[PDB]
């Protein structure tokens, strides 16, 4: 119910079609905190353990040791979903300010809000 931006929860993103990221996996809350408190829905970015290195400017690496993670992981700002809050299950961790500034950069690049080819 009462999530905060920067929180990481488990969520089932299934069912999916084609190259949509499915499965029960960590997701990062990226919605504003007004909707996070008051809305039945939340906007999340999928997290994967299939890669550990950011290949693209829409990727942000998570160090497993520093956070709640079993494996070094990558937040995929190209894989964003508005999900009903019923999909969220247990909380895993909360990302710090420096991590979220990286997230904001990748998220703005993903959504064409700032330049893709610029180093910011």
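Numbering follows the first chain given and starts at 1.
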property: Stretch exceeding the other in mean C-alpha B-factor - 23-31, 58-66; result: 58-66
property: Mean C-alpha temperature factor, higher of 89-97 and 47-55; result: 47-55
property: Residue 73, C-alpha B-factor rank within chain (lowest, middle or highest third); result: highest
property: Chain-wide C-alpha B factor ranking for residue 8, given as lowest, middle or highest third; result: lowest
